[PDB]
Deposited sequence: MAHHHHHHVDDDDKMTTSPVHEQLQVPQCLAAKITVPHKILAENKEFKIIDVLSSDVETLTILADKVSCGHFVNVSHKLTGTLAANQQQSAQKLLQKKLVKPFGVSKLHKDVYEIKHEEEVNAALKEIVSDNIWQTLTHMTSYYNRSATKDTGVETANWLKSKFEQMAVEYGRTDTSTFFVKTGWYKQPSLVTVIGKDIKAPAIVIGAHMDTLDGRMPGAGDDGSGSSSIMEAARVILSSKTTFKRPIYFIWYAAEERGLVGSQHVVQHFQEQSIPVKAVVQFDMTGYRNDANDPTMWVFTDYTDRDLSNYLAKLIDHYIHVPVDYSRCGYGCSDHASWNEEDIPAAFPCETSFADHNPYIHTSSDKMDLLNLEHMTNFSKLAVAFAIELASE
């Protein structure tokens, strides 16, 4: 009565199978096995206990040749919210006015182009500000350095809190640059640069010892094609600095409708689980709506990480369809932005840092 059936089984489950079976084909992630129908339910019970996946009945699709051919992806069974008190206390320390002041200063450069002296001055000033902040709060485990940009004279600025911690890092970024000409660059990406500077200040003023280093990075030459972030990613590979997760803040201040506080999670060139985690952090800690959008190839600095398979996510001020119409112009000015919106992005950065760096 009992028939032969063929099952595609993940290796993690296949290794524990003890009913009689023949292996028909195999690869790194799967075996295809032949077993009796009367023993299949035994494999269900086993799968339940092992908790690394179940199996797919492939009898219909078939033998060793077919089976091998059939084989030419098994998911591991994390990002959670486990630090409410610490996050909520840190969110209470964010000072909106600090964001506004940083943005005032950044937007007063004629531009912040990676080919210009003003571009260079921007990088120097961000570096100093972070350094002064580390001294102000007595934070002793910090370090700063430039990562060069080839023929572009503006370097990327890399900063770290927990310089000696040997674990995959958590990275928070923005880009410091603009196009040439008169470019205040308030929204893109003065706003993100300023939002993450205030989040850095909050981490710097805490006395927590995290389980992972935390980087704050301001990339050079994003406008030129992600130049600075490509140099940073390469710098990390060449110094074997592992990275667990990256968030990008690029445009944190323009609201399509002042009364709608929705934050947008970008779904192209980003890590799916990390993106979902941002959606949760927004809902749990920021208490505003979340919606989804795509911004295209080469959209911002997260893409540089995503290309090297490092988990990276991108929350943004608007959808792509409704983006700030003044970006890349002399009209990209701070009065058109919303400080609450900028503050909310800063809160997100802080919550991402504290949750992920504490595990």
| property | result |
| --- | --- |
| Deposited-sequence ranges lacking C-alpha coordinates, in sequence order | 1 to 17, 80 to 86, 97 to 103, 109 to 111 |
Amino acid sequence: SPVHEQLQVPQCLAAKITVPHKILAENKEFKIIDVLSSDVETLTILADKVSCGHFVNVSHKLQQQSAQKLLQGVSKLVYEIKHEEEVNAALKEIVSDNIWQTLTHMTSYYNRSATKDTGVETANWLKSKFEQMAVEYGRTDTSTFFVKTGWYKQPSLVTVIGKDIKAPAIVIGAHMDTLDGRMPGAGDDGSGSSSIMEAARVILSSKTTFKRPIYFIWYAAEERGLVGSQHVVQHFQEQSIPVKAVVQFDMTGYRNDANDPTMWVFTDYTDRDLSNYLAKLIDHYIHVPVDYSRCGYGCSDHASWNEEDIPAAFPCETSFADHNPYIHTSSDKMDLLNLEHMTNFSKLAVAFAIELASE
From here on, numbers count along this sequence of modelled residues.
{"property": "Higher-B stretch (mean Cα B-factor, as the entry records it), 134 to 142 or 104 to 112", "result": "134 to 142"}
{"property": "Higher-B stretch (mean Cα B-factor, as the entry records it), 22 to 30 or 296 to 304", "result": "22 to 30"}
{"property": "Given 185, 173, 73, 253, the residue at which the Cα B factor reaches its maximum", "result": "73"}
{"property": "From 247, 217, 123, 241, residue of greatest CA B-factor", "result": "241"}
{"property": "Chain-relative CA temperature factor third for residue 99", "result": "middle"}
{"property": "Third of the chain's Cα B-factor distribution that residue 118 belongs to, per the entry", "result": "highest"}
{"property": "Third of the chain, ranked by Cα B-factor, where residue 357 sits", "result": "highest"}
{"property": "B-factor third for the C-alpha atom of residue 54 within its chain", "result": "lowest"}
{"property": "Chain third (lowest, middle, highest) by recorded CA B-factor, residue given as residue 328", "result": "lowest"}
